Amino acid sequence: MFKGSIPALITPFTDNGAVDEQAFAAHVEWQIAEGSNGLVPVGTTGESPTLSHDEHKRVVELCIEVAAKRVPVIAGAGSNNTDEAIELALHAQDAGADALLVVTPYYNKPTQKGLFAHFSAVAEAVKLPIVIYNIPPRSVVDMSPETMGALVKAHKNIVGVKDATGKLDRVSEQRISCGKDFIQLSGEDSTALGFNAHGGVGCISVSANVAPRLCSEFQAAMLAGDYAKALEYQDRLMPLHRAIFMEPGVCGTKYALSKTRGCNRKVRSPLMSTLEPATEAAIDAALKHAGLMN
């Protein structure tokens, strides 16, 4: 599949900061019931940076168990250390994941050849399909369409991109360098609309955590070529997309879910369990606009 609305799942915690397994399972079940087309456990939105390797692996395991092969599980296996990425990738494969989401190394700022070496090493270590997570706003480095194309040519299991550049011309450039069959998924909720118009086939989504049905219907409209209907969904959802990201998306999302479903707001430091009053007011207004709150 690798298409449609694919939530980058939050990782719920109890007040003491421990992983809340029952809350996570309930979230996954609800996501599937509401029409989410795939699942990304332990991406950015799943607070990958503040989980231990054991916790990361466990959340991936739990997601696979709960999904029960109903929709593809694209497991977060990203690291700025190639050894760690391989370790996480191998666990996810053994646990029964359907694909891997692998971020460009952050902080250490490798060259394009370093990016090639990193992704090549992961691709050679596993048999699973790999989705490249290109996110310059977080990793600073930016995998060029040329480097991406080289990886596609070299490795049959490098199958797609979660493109969080926010530059929609990159979709067009990636079509040229990687082919029309290369799976392009939006890494940004607010531009998922234009992204699919350029050739994208879905979105790995933060907002889908809050509004899985509306997000799935939005993606279904674009698959059907009904962009007029898709724009109606954008009118309905854009205030939420924006409000969730006024402060870190993880925190915006957990606040939104605390209002709609009574989810816990707890996150791990340096993320904060609190938000500014204006952010909360904007999220409240966006939820009302979307019809998720009265």
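Residue numbers here begin at 1 and follow the sequence given.
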Out of 96 to 104 and 121 to 129, which stretch has the higher average CA B-factor listed in the record? 121 to 129
Of 162 to 170 and 149 to 157, which one has the bigger average CA B-factor? 149 to 157
Looking only at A68, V250, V42, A256, the Cα with the top B-factor belongs to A68
Among the modelled residues of its chain, does the C-alpha B-factor of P270 lie in the lowest, middle or highest third? lowest
Going by the entry, which third of its chain does the Cα temperature factor of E47 land in? lowest
Would you mind checking where the Cα B-factor of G78 ranks among the modelled residues of its chain, as the lowest, middle or highest third? middle
Lowest, middle or highest third: where is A286 by Cα B-factor in its chain? middle
For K180, does the deposited CA B-factor place it in the lowest, middle or highest third of the chain? highest
